[PDB]
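Written out below as structure tokens is the structure these notes cover.
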Amino acid sequence: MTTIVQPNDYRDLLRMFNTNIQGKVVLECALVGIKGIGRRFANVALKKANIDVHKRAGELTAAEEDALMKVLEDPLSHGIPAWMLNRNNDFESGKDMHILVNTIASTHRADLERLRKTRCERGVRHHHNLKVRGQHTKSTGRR
Amino acid sequence: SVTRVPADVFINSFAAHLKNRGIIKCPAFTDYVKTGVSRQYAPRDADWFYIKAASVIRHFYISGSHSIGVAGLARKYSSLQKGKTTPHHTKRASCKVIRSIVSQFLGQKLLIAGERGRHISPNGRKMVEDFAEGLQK
Amino acid sequence: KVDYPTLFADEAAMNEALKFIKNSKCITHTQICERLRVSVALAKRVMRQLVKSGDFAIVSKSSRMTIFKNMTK
Amino acid sequence: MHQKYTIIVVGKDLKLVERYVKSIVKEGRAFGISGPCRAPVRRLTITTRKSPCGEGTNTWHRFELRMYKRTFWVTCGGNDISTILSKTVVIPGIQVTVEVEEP
Amino acid sequence: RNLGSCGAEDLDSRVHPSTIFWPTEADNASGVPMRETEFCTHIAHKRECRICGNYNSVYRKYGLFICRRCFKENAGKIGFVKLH
Amino acid sequence: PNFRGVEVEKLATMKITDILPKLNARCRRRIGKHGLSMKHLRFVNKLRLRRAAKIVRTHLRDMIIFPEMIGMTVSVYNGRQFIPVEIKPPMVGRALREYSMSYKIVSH
Amino acid sequence: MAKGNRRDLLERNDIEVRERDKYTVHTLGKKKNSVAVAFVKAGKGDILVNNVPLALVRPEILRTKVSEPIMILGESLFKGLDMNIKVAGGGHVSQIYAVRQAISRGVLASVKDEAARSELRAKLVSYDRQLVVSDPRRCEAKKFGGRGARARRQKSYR
RNA sequence: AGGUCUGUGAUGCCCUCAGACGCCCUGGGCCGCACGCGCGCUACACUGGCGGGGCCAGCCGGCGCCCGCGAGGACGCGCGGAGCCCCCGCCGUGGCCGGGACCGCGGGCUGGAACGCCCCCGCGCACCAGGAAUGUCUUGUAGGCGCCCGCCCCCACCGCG
Ligand SMILES: [Zn+2]
């Protein structure tokens, strides 16, 4: 903020995690385009990383950029609460981590594969294209 | 006294003074809180704790010998929960921050303990009125 | 359909943006937004700078809207 | 002797419940029995469909039953248990006008 | 079967003897402990109109426990009056 | 694979209490606080007897799984007949309701 | 929270007794579920509301409405009177209107002369008559046929 | 020949009455879904969304301390009320910070038993004001905003107020 003329380093189009962020929107909300990153996990992440959260995305710099990258892969090693992670627990690791765009596809997919082999009820309704939670389908959401 | 000056100026000025004098000291959990289930996002300003504390102390001064519980203050910060394809329903704020604030105030003898809850100690009344007259001009 | 920069690259922020209004008497953030062909927050900040300069003054400030006047003309 | 006794009158009908107090205060003419506090009316309410089978335009009965009550705690220990019985006998016998005495 | 049981390690999982929280409503039957073993072992409230043995559409307000349909017939005597 | 990082080969003969603090709310509640009930314990004891020494049919449809029951053969009721089911490691910490269909899929 | 008809509010027992007596005149004003009580004593001149200066009452935009009984007349008589208003009821606007009504009625009484009182009555009532006489209309009930006082649930003839 | 024999120790005549349509116990179902529509709820944004703060109702009404982000939890006693709205800032016409359906880990409550209900992180569907047709309404009224009771182990987009 307190900026009228653009930075000499103004990066007009940012890129991260295979996703591109335009450098004219406020910083906290622009980062939301990343899948797995919302608002709550945004304003918290930057602040631990010593970053102004009301400055345009185009104004940050590498040193700030990389610093944010680090907290974003090993967050629990930075104080963030364990009840805040998107994956509050994992089936095989047994720990608590935060997953991102690159590996968020294999989080509902491989989950489904587990459902199939076990022949659970929840998996079947996922195959015939039906509701999973207790939901009335007699007249709801007709296709 | 306070009652002849609007809350807008008094709260902010007392907050600045309360930060300068080091009366209250924001704890660590002020980093990642939303202040009430009713809300959705987090406070934007960087010193909401001290504003909250000053509003609370003013509330206690206005209540005189009456006593206010920690929850009683939480119903005065309630909001409306939206985004649920159903009629909006009211909800209460958070009580932990309020509890920490009253503890910090009581540790400074500005807040006496009563039979239920607490009320403004005489020196607390003195201080509140003193800042009120100081800023009245 | 329409894209507006959120900050002048350079020059624009004084050659004209601080001058187009100078040849005006009344104005508002939206009036300039439609006039200058840029976003609103830029108009807000620029008007702050101008009032600090002292040329532009206020007549009816409010959260929703703040009309200005070119006192120095 | 002295007991800080209490008098409570509970009933539904405004007519008797108001006439009975007049007799009570007559009887307490000299024992100092004074004005009674008249509590807010406890208007009990119930609603019900008029149709046992739920046919036709949906209509609703609205019955309510009020519970007037008055209190003559004035006596307190001003009177003795000897004539507290006397307090309870010279009074008229109304079929339904429940009353109870506590200290 | 009075001289048998399970493993001790399993006994730790016995339900807390703390009395069950699902009682039976009694408007005013002494609480006392072959077919007797399970005549009505299942425990559940059986609130019903104290006039007609019907468990459907009973008001519990003010401790009435009267069927809505059977309410109209006796309301006049019970005291409720239809005004306003 | 594993189970919250716990091994499988040792999962045999491995105490249910130890694993209990590694499961979700429902298990840590029912098994711990509220406790279990007689019929279920009799069921488990019967299964132990068989494994020590035919498929155990049962009406129990809320009998949270134990870890030592890996590899067992148990049938279950669906309101009309009896279904077979076999327990696999990743299936541990769950009920038997999910593995017995009461309705049937719809087709045209 | 307060009903408005509580014995405490009507008698203003909140004030300490030694200061209760000094107030002579008593006045009343209301609009809809709102009751405003005013006590007057002659003095240097000042007003209060729920323990607040008259100026800093927060509809903000309605300050002139709460002060109309004053600027309508001259401040000559308002100079010699001091008020301690206490209001309680439903809605900000209702409280405002009740307060101005109470102010008007209270100032009218303290004149102590009937002819000048009638003259002030004529002056004030010429402007908004609902500055002295109260407003009667009040909220009505709702019937089971619809979901409002007069509106009815939509009907499908087919 | 409108509805009610499925409200009743209100009832005529029929059917059932020791492999029971009697009463009871364990499970399942009444919620199942290519589709048609009836009463409603949420929205399609700047007369707005988010954050901080100030503040007033009535049918009526229960509170303190301590843990926990929150929902909730252990103790101890009799004590007590809101949304709209107003003020200061951010957003700036972009299906975007409008919208919150759907879905994945997790933490709790009721209950003998979750398929029931809450809170947290994450994903972010249609929707750009709706054709032929059609409904309701004259003062504290329409409309907008919220708050209690009913059935209720848990739950209100419903109904009475
Ligand atoms: Zn009945």
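Going through the structure tokens in order, the chains are called A, B, and so on, while each chain numbers its residues from 1 and the ligands are numbered from 1 in the order shown.
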
Counting only C-alpha atoms (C1' of nucleotides), which residues from chain H have an atom at most 7 Å from any atom of chain A, and could you show them as JSON, numbers by chain? {"H": [31, 33, 104, 105, 106, 120, 121, 122]}

Using only C-alpha atoms (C1' of nucleotides) and all ligand atoms, which residues of the polymer chains come no farther than 8 Å from ligand 1? I'd like the answer as a PyMOL selection string. (chain E and resi 49-54+58+66-71) or (chain H and resi 7-8)

Using N, CA, C and O atoms (P, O5', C5', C4', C3', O3' and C1' of nucleotides), can you write the selected residues to a file as a PDB file, in the first residue's frame?
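Contents of the output file selection_7.pdb:
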```
ATOM      1  N   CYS E  49     -51.905 -40.897  26.277  1.00  0.00           N
ATOM      2  CA  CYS E  49     -53.039 -40.194  26.850  1.00  0.00           C
ATOM      3  C   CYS E  49     -53.560 -40.958  28.053  1.00  0.00           C
ATOM      4  O   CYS E  49     -53.824 -42.159  27.978  1.00  0.00           O
ATOM      5  N   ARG E  50     -53.706 -40.252  29.166  1.00  0.00           N
ATOM      6  CA  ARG E  50     -54.223 -40.856  30.380  1.00  0.00           C
ATOM      7  C   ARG E  50     -55.718 -41.112  30.308  1.00  0.00           C
ATOM      8  O   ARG E  50     -56.316 -41.470  31.324  1.00  0.00           O
ATOM      9  N   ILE E  51     -56.323 -40.934  29.137  1.00  0.00           N
ATOM     10  CA  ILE E  51     -57.728 -41.236  28.908  1.00  0.00           C
ATOM     11  C   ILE E  51     -57.815 -42.427  27.968  1.00  0.00           C
ATOM     12  O   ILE E  51     -58.344 -43.484  28.327  1.00  0.00           O
ATOM     13  N   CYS E  52     -57.294 -42.258  26.758  1.00  0.00           N
ATOM     14  CA  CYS E  52     -57.275 -43.302  25.749  1.00  0.00           C
ATOM     15  C   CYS E  52     -55.862 -43.843  25.590  1.00  0.00           C
ATOM     16  O   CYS E  52     -54.905 -43.078  25.445  1.00  0.00           O
ATOM     17  N   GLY E  53     -55.733 -45.162  25.617  1.00  0.00           N
ATOM     18  CA  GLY E  53     -54.430 -45.776  25.484  1.00  0.00           C
ATOM     19  C   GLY E  53     -53.854 -45.611  24.095  1.00  0.00           C
ATOM     20  O   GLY E  53     -53.661 -46.591  23.370  1.00  0.00           O
ATOM     21  N   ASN E  54     -53.579 -44.367  23.719  1.00  0.00           N
ATOM     22  CA  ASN E  54     -53.032 -44.026  22.414  1.00  0.00           C
ATOM     23  C   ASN E  54     -51.750 -43.236  22.621  1.00  0.00           C
ATOM     24  O   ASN E  54     -51.731 -42.270  23.392  1.00  0.00           O
ATOM     25  N   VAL E  58     -49.794 -36.545  21.769  1.00  0.00           N
ATOM     26  CA  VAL E  58     -50.019 -36.292  23.184  1.00  0.00           C
ATOM     27  C   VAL E  58     -49.275 -35.026  23.574  1.00  0.00           C
ATOM     28  O   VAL E  58     -48.087 -34.879  23.267  1.00  0.00           O
ATOM     29  N   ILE E  66     -52.504 -35.523  27.551  1.00  0.00           N
ATOM     30  CA  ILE E  66     -53.839 -35.735  27.012  1.00  0.00           C
ATOM     31  C   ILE E  66     -53.754 -35.743  25.494  1.00  0.00           C
ATOM     32  O   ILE E  66     -53.098 -34.882  24.897  1.00  0.00           O
ATOM     33  N   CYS E  67     -54.417 -36.716  24.876  1.00  0.00           N
ATOM     34  CA  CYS E  67     -54.526 -36.751  23.426  1.00  0.00           C
ATOM     35  C   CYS E  67     -55.197 -35.486  22.914  1.00  0.00           C
ATOM     36  O   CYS E  67     -56.125 -34.957  23.531  1.00  0.00           O
ATOM     37  N   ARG E  68     -54.727 -35.001  21.767  1.00  0.00           N
ATOM     38  CA  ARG E  68     -55.294 -33.778  21.211  1.00  0.00           C
ATOM     39  C   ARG E  68     -56.769 -33.960  20.877  1.00  0.00           C
ATOM     40  O   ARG E  68     -57.576 -33.048  21.088  1.00  0.00           O
ATOM     41  N   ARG E  69     -57.141 -35.131  20.362  1.00  0.00           N
ATOM     42  CA  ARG E  69     -58.530 -35.365  19.986  1.00  0.00           C
ATOM     43  C   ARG E  69     -59.418 -35.466  21.218  1.00  0.00           C
ATOM     44  O   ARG E  69     -60.514 -34.897  21.255  1.00  0.00           O
ATOM     45  N   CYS E  70     -58.960 -36.191  22.237  1.00  0.00           N
ATOM     46  CA  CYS E  70     -59.728 -36.332  23.465  1.00  0.00           C
ATOM     47  C   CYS E  70     -59.658 -35.086  24.334  1.00  0.00           C
ATOM     48  O   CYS E  70     -60.288 -35.051  25.396  1.00  0.00           O
ATOM     49  N   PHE E  71     -58.908 -34.073  23.907  1.00  0.00           N
ATOM     50  CA  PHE E  71     -58.793 -32.843  24.678  1.00  0.00           C
ATOM     51  C   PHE E  71     -60.061 -32.010  24.577  1.00  0.00           C
ATOM     52  O   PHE E  71     -60.509 -31.424  25.570  1.00  0.00           O
TER      53      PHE E  71
ATOM     54  P     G H   7     -58.413 -42.373  13.320  1.00  0.00           P
ATOM     55  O5'   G H   7     -58.394 -42.351  14.911  1.00  0.00           O
ATOM     56  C5'   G H   7     -57.201 -42.622  15.627  1.00  0.00           C
ATOM     57  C4'   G H   7     -57.392 -42.435  17.110  1.00  0.00           C
ATOM     58  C3'   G H   7     -58.488 -43.269  17.749  1.00  0.00           C
ATOM     59  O3'   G H   7     -58.073 -44.593  18.040  1.00  0.00           O
ATOM     60  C1'   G H   7     -58.674 -41.030  18.475  1.00  0.00           C
ATOM     61  P     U H   8     -59.158 -45.765  18.206  1.00  0.00           P
ATOM     62  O5'   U H   8     -59.808 -45.491  19.633  1.00  0.00           O
ATOM     63  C5'   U H   8     -59.037 -45.623  20.818  1.00  0.00           C
ATOM     64  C4'   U H   8     -59.845 -45.300  22.048  1.00  0.00           C
ATOM     65  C3'   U H   8     -61.140 -46.076  22.218  1.00  0.00           C
ATOM     66  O3'   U H   8     -60.944 -47.374  22.750  1.00  0.00           O
ATOM     67  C1'   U H   8     -61.538 -43.782  22.618  1.00  0.00           C
TER      68        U H   8
END
```

I'd like the neighbourhood of stretch 18-30 of chain E as a ChimeraX atom specification, where a residue qualifies if any of its atoms comes within 7 Å (using only C-alpha atoms (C1' of nucleotides)), though same-chain residues fewer than 3 positions away should be ignored. /E:43-47

Those same residues - C-alpha atoms - I'd like them written as a PDB file, in the first residue's frame.
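Output saved as selection_38.pdb:
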```
ATOM      1  CA  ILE E  43     -36.762 -50.308  27.693  1.00  0.00           C
ATOM      2  CA  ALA E  44     -38.450 -47.188  26.335  1.00  0.00           C
ATOM      3  CA  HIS E  45     -40.850 -44.459  27.392  1.00  0.00           C
ATOM      4  CA  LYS E  46     -44.528 -45.207  26.786  1.00  0.00           C
ATOM      5  CA  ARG E  47     -46.143 -41.833  27.363  1.00  0.00           C
TER       6      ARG E  47
END
```

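What chain D places within 9 Å of chain H, counting only C-alpha atoms (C1' of nucleotides), is residues 47, 51, 52, 53, 54, 55 and 56 of chain D.
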
Closest contacts (chain D/chain G, max 12 Å, only C-alpha atoms) as a Markdown table:
```
| residue | atom | partner | partner_atom | distance |
| --- | --- | --- | --- | --- |
| D:47 | CA | G:144 | CA | 10.8 |
| D:48 | CA | G:144 | CA | 11.6 |
| D:49 | CA | G:144 | CA | 11.1 |
| D:57 | CA | G:145 | CA | 8.6 |
| D:58 | CA | G:145 | CA | 7.5 |
| D:59 | CA | G:144 | CA | 7.4 |
| D:60 | CA | G:144 | CA | 7.4 |
| D:61 | CA | G:144 | CA | 10.2 |
| D:62 | CA | G:144 | CA | 10.6 |
```

For chain A against chain C, with a cut-off of 10 Å and counting only C-alpha atoms, what is the closest atom pair and its distance in Å to one decimal for every residue that makes the cut, ordered by chain and number, as JSON lines?
```
{"residue": "A:1", "atom": "CA", "partner": "C:45", "partner_atom": "CA", "distance": 9.3}
{"residue": "A:2", "atom": "CA", "partner": "C:45", "partner_atom": "CA", "distance": 7.5}
{"residue": "A:3", "atom": "CA", "partner": "C:7", "partner_atom": "CA", "distance": 7.5}
{"residue": "A:4", "atom": "CA", "partner": "C:7", "partner_atom": "CA", "distance": 5.5}
{"residue": "A:5", "atom": "CA", "partner": "C:8", "partner_atom": "CA", "distance": 5.0}
{"residue": "A:6", "atom": "CA", "partner": "C:9", "partner_atom": "CA", "distance": 4.9}
{"residue": "A:7", "atom": "CA", "partner": "C:9", "partner_atom": "CA", "distance": 8.0}
{"residue": "A:8", "atom": "CA", "partner": "C:9", "partner_atom": "CA", "distance": 8.9}
{"residue": "A:10", "atom": "CA", "partner": "C:9", "partner_atom": "CA", "distance": 9.3}
{"residue": "A:23", "atom": "CA", "partner": "C:6", "partner_atom": "CA", "distance": 9.5}
{"residue": "A:24", "atom": "CA", "partner": "C:6", "partner_atom": "CA", "distance": 6.1}
{"residue": "A:25", "atom": "CA", "partner": "C:6", "partner_atom": "CA", "distance": 8.1}
{"residue": "A:26", "atom": "CA", "partner": "C:6", "partner_atom": "CA", "distance": 9.9}
{"residue": "A:56", "atom": "CA", "partner": "C:6", "partner_atom": "CA", "distance": 8.7}
```

For the selection just defined, write its residues with N, CA and C atoms to a file, as a compact mmCIF listing (two decimals), in the first residue's frame.
```
# COMPACT_ATOMS: atom_id res chain seq x y z
N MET A 1 0.85 -1.22 0.00
CA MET A 1 0.00 0.00 0.00
C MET A 1 0.87 1.25 0.00
N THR A 2 0.23 2.42 0.00
CA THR A 2 0.94 3.68 -0.14
C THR A 2 1.78 3.67 -1.41
N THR A 3 1.22 3.10 -2.47
CA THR A 3 1.89 2.96 -3.75
C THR A 3 1.00 3.52 -4.84
N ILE A 4 1.56 4.42 -5.64
CA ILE A 4 0.89 5.00 -6.79
C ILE A 4 1.57 4.58 -8.09
N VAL A 5 2.88 4.73 -8.16
CA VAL A 5 3.67 4.27 -9.29
C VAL A 5 4.13 2.85 -9.01
N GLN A 6 4.27 2.07 -10.08
CA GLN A 6 4.53 0.65 -9.94
C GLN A 6 5.95 0.39 -9.47
N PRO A 7 6.19 -0.77 -8.85
CA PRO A 7 7.56 -1.15 -8.50
C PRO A 7 8.40 -1.37 -9.75
N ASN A 8 9.69 -1.06 -9.63
CA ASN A 8 10.60 -1.33 -10.74
C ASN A 8 10.75 -2.82 -11.00
N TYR A 10 8.14 -4.89 -10.64
CA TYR A 10 6.76 -5.35 -10.76
C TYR A 10 6.63 -6.57 -11.66
N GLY A 23 -0.75 -10.25 -11.21
CA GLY A 23 -0.15 -9.32 -10.27
C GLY A 23 -0.83 -7.98 -10.21
N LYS A 24 -2.15 -7.97 -10.04
CA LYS A 24 -2.88 -6.74 -9.81
C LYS A 24 -3.95 -6.89 -8.75
N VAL A 25 -4.07 -8.04 -8.13
CA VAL A 25 -5.06 -8.29 -7.10
C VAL A 25 -4.36 -8.34 -5.76
N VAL A 26 -5.09 -7.99 -4.70
CA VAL A 26 -4.55 -8.05 -3.35
C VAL A 26 -3.95 -9.42 -3.12
N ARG A 56 -0.37 -5.34 -3.08
CA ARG A 56 -0.69 -6.01 -4.32
C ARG A 56 0.28 -7.15 -4.58
```

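For stretch 46-53 of chain F, the non-local neighbours within 12 Å, defined as residues at least 6 positions apart in the same chain or in other chains and counting only C-alpha atoms (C1' of nucleotides), are residues 5, 6, 7 and 10 of chain E; 13, 39, 40, 66, 68, 69, 70, 71, 72, 73 and 74 of chain F.
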
Please save N, CA, C and O atoms of the selected residues as a short mmCIF file (atom, residue, chain, number, x, y, z; two decimals), in the first residue's frame.
```cif
data_model
loop_
_atom_site.label_atom_id
_atom_site.label_comp_id
_atom_site.auth_asym_id
_atom_site.auth_seq_id
_atom_site.Cartn_x
_atom_site.Cartn_y
_atom_site.Cartn_z
N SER E 5 -18.38 -67.49 32.37
CA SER E 5 -18.13 -66.10 32.03
C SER E 5 -17.05 -66.00 30.96
O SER E 5 -16.63 -67.02 30.39
N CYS E 6 -16.58 -64.79 30.68
CA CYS E 6 -15.64 -64.54 29.61
C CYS E 6 -14.23 -64.35 30.18
O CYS E 6 -13.98 -64.61 31.36
N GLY E 7 -13.30 -63.91 29.34
CA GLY E 7 -11.98 -63.59 29.82
C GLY E 7 -11.96 -62.31 30.63
O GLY E 7 -12.74 -61.38 30.40
N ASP E 10 -11.39 -59.06 28.78
CA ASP E 10 -12.57 -58.51 28.13
C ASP E 10 -13.48 -57.80 29.13
O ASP E 10 -14.18 -56.85 28.76
N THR F 13 -2.64 -60.31 17.48
CA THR F 13 -2.42 -60.44 18.92
C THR F 13 -2.02 -59.11 19.53
O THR F 13 -1.30 -59.06 20.53
N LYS F 39 -23.68 -59.03 24.70
CA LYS F 39 -23.78 -59.88 23.52
C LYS F 39 -22.54 -59.76 22.65
O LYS F 39 -22.04 -60.76 22.11
N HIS F 40 -22.02 -58.55 22.49
CA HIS F 40 -20.84 -58.35 21.66
C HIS F 40 -19.63 -59.07 22.24
O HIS F 40 -18.84 -59.68 21.51
N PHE F 66 -12.33 -55.37 15.73
CA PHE F 66 -11.06 -55.49 16.43
C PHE F 66 -9.97 -55.87 15.45
O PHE F 66 -10.24 -56.26 14.31
N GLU F 68 -7.52 -58.30 15.76
CA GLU F 68 -7.22 -59.72 15.69
C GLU F 68 -8.19 -60.49 14.80
O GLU F 68 -7.97 -61.68 14.55
N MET F 69 -9.26 -59.86 14.34
CA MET F 69 -10.25 -60.51 13.50
C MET F 69 -9.88 -60.49 12.03
O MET F 69 -10.68 -60.91 11.19
N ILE F 70 -8.68 -60.01 11.69
CA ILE F 70 -8.20 -60.12 10.32
C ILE F 70 -8.21 -61.58 9.90
O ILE F 70 -7.81 -62.46 10.67
N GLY F 71 -8.67 -61.83 8.68
CA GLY F 71 -8.69 -63.17 8.13
C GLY F 71 -9.87 -64.02 8.53
O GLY F 71 -9.90 -65.21 8.16
N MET F 72 -10.83 -63.48 9.26
CA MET F 72 -11.96 -64.27 9.72
C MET F 72 -13.06 -64.30 8.67
O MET F 72 -13.09 -63.48 7.75
N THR F 73 -13.96 -65.26 8.83
CA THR F 73 -15.11 -65.43 7.95
C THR F 73 -16.37 -65.36 8.81
O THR F 73 -16.61 -66.23 9.65
N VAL F 74 -17.15 -64.30 8.61
CA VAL F 74 -18.34 -64.03 9.40
C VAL F 74 -19.47 -63.65 8.46
O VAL F 74 -19.26 -62.88 7.52
#
```

Counting only C-alpha atoms (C1' of nucleotides), which residues in stretch 21-73 of chain C sit no more than 12 Å from stretch 40-47 of chain H? For each one, give the nearest pair of atoms and the distance in Å, sorted by chain then residue number, as a tab-separated table.
```
residue	atom	partner	partner_atom	distance
C:30	CA	H:46	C1'	11.5
C:64	CA	H:46	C1'	9.8
C:65	CA	H:46	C1'	11.8
```

Go ahead and dump the residues you just picked, N, CA and C atoms, as a PDB file, in the first residue's frame.
```pdb
ATOM      1  N   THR C  30     -15.629   7.833  -8.169  1.00  0.00           N
ATOM      2  CA  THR C  30     -16.276   7.186  -9.301  1.00  0.00           C
ATOM      3  C   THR C  30     -16.246   8.073 -10.537  1.00  0.00           C
ATOM      4  N   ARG C  64     -19.463   6.261   2.629  1.00  0.00           N
ATOM      5  CA  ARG C  64     -19.920   5.878   1.300  1.00  0.00           C
ATOM      6  C   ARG C  64     -19.360   6.789   0.215  1.00  0.00           C
ATOM      7  N   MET C  65     -19.215   8.082   0.498  1.00  0.00           N
ATOM      8  CA  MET C  65     -18.926   9.045  -0.551  1.00  0.00           C
ATOM      9  C   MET C  65     -18.333  10.302   0.067  1.00  0.00           C
TER      10      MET C  65
END
```

Using only C-alpha atoms, which chain F residues lie at most 9 Å away from chain E, written as a PyMOL selection string? chain F and resi 31-38+41-42+45

Store the residues picked out above, limited to N, CA, C and O atoms, as a PDB file, in the first residue's frame.
```
ATOM      1  N   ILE F  31     -15.939 -47.503  22.785  1.00  0.00           N
ATOM      2  CA  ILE F  31     -15.093 -48.521  23.394  1.00  0.00           C
ATOM      3  C   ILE F  31     -14.573 -48.065  24.746  1.00  0.00           C
ATOM      4  O   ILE F  31     -14.462 -48.869  25.680  1.00  0.00           O
ATOM      5  N   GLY F  32     -14.236 -46.789  24.879  1.00  0.00           N
ATOM      6  CA  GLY F  32     -13.641 -46.302  26.101  1.00  0.00           C
ATOM      7  C   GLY F  32     -14.658 -45.907  27.147  1.00  0.00           C
ATOM      8  O   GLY F  32     -14.848 -46.614  28.141  1.00  0.00           O
ATOM      9  N   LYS F  33     -15.328 -44.781  26.923  1.00  0.00           N
ATOM     10  CA  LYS F  33     -16.219 -44.205  27.919  1.00  0.00           C
ATOM     11  C   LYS F  33     -17.480 -45.038  28.090  1.00  0.00           C
ATOM     12  O   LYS F  33     -17.652 -45.722  29.104  1.00  0.00           O
ATOM     13  N   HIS F  34     -18.366 -44.986  27.095  1.00  0.00           N
ATOM     14  CA  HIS F  34     -19.668 -45.631  27.216  1.00  0.00           C
ATOM     15  C   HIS F  34     -19.540 -47.128  27.456  1.00  0.00           C
ATOM     16  O   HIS F  34     -20.406 -47.727  28.103  1.00  0.00           O
ATOM     17  N   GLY F  35     -18.483 -47.748  26.947  1.00  0.00           N
ATOM     18  CA  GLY F  35     -18.271 -49.164  27.148  1.00  0.00           C
ATOM     19  C   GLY F  35     -18.984 -50.018  26.119  1.00  0.00           C
ATOM     20  O   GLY F  35     -19.664 -49.537  25.212  1.00  0.00           O
ATOM     21  N   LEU F  36     -18.820 -51.327  26.278  1.00  0.00           N
ATOM     22  CA  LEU F  36     -19.406 -52.330  25.405  1.00  0.00           C
ATOM     23  C   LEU F  36     -20.545 -53.037  26.133  1.00  0.00           C
ATOM     24  O   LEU F  36     -20.901 -52.689  27.260  1.00  0.00           O
ATOM     25  N   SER F  37     -21.115 -54.049  25.481  1.00  0.00           N
ATOM     26  CA  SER F  37     -22.283 -54.744  25.995  1.00  0.00           C
ATOM     27  C   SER F  37     -22.090 -56.249  25.884  1.00  0.00           C
ATOM     28  O   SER F  37     -21.230 -56.742  25.152  1.00  0.00           O
ATOM     29  N   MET F  38     -22.949 -56.973  26.599  1.00  0.00           N
ATOM     30  CA  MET F  38     -22.723 -58.393  26.852  1.00  0.00           C
ATOM     31  C   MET F  38     -22.664 -59.188  25.556  1.00  0.00           C
ATOM     32  O   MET F  38     -21.719 -59.954  25.326  1.00  0.00           O
ATOM     33  N   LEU F  41     -19.456 -58.996  23.560  1.00  0.00           N
ATOM     34  CA  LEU F  41     -18.348 -59.697  24.196  1.00  0.00           C
ATOM     35  C   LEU F  41     -18.482 -61.199  24.007  1.00  0.00           C
ATOM     36  O   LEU F  41     -17.494 -61.893  23.737  1.00  0.00           O
ATOM     37  N   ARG F  42     -19.700 -61.720  24.157  1.00  0.00           N
ATOM     38  CA  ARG F  42     -19.922 -63.137  23.906  1.00  0.00           C
ATOM     39  C   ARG F  42     -19.554 -63.483  22.472  1.00  0.00           C
ATOM     40  O   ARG F  42     -18.963 -64.535  22.202  1.00  0.00           O
ATOM     41  N   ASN F  45     -15.766 -63.652  22.179  1.00  0.00           N
ATOM     42  CA  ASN F  45     -15.261 -64.853  22.832  1.00  0.00           C
ATOM     43  C   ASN F  45     -15.523 -66.079  21.972  1.00  0.00           C
ATOM     44  O   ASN F  45     -14.668 -66.965  21.858  1.00  0.00           O
TER      45      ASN F  45
END
```

Within 6 Å of residue F:95 using only C-alpha atoms (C1' of nucleotides), minus same-chain residues under 2 positions, as a PDB file with N, CA, C and O atoms, in the first residue's frame:
```
ATOM      1  N   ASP F  62     -23.547 -53.421  14.446  1.00  0.00           N
ATOM      2  CA  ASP F  62     -22.880 -52.244  14.980  1.00  0.00           C
ATOM      3  C   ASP F  62     -21.750 -52.674  15.900  1.00  0.00           C
ATOM      4  O   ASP F  62     -21.505 -52.050  16.937  1.00  0.00           O
ATOM      5  N   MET F  63     -21.061 -53.743  15.519  1.00  0.00           N
ATOM      6  CA  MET F  63     -20.021 -54.359  16.337  1.00  0.00           C
ATOM      7  C   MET F  63     -18.672 -53.909  15.787  1.00  0.00           C
ATOM      8  O   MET F  63     -18.129 -54.497  14.854  1.00  0.00           O
ATOM      9  N   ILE F  64     -18.122 -52.854  16.388  1.00  0.00           N
ATOM     10  CA  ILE F  64     -16.904 -52.250  15.866  1.00  0.00           C
ATOM     11  C   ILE F  64     -15.802 -53.292  15.816  1.00  0.00           C
ATOM     12  O   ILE F  64     -15.617 -54.076  16.752  1.00  0.00           O
ATOM     13  N   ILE F  65     -15.063 -53.296  14.710  1.00  0.00           N
ATOM     14  CA  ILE F  65     -14.082 -54.337  14.453  1.00  0.00           C
ATOM     15  C   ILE F  65     -12.916 -54.232  15.428  1.00  0.00           C
ATOM     16  O   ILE F  65     -12.552 -53.146  15.896  1.00  0.00           O
ATOM     17  N   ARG F  97     -22.081 -52.619   9.361  1.00  0.00           N
ATOM     18  CA  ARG F  97     -23.216 -52.107   8.606  1.00  0.00           C
ATOM     19  C   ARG F  97     -22.817 -51.755   7.181  1.00  0.00           C
ATOM     20  O   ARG F  97     -23.581 -51.984   6.237  1.00  0.00           O
TER      21      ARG F  97
END
```
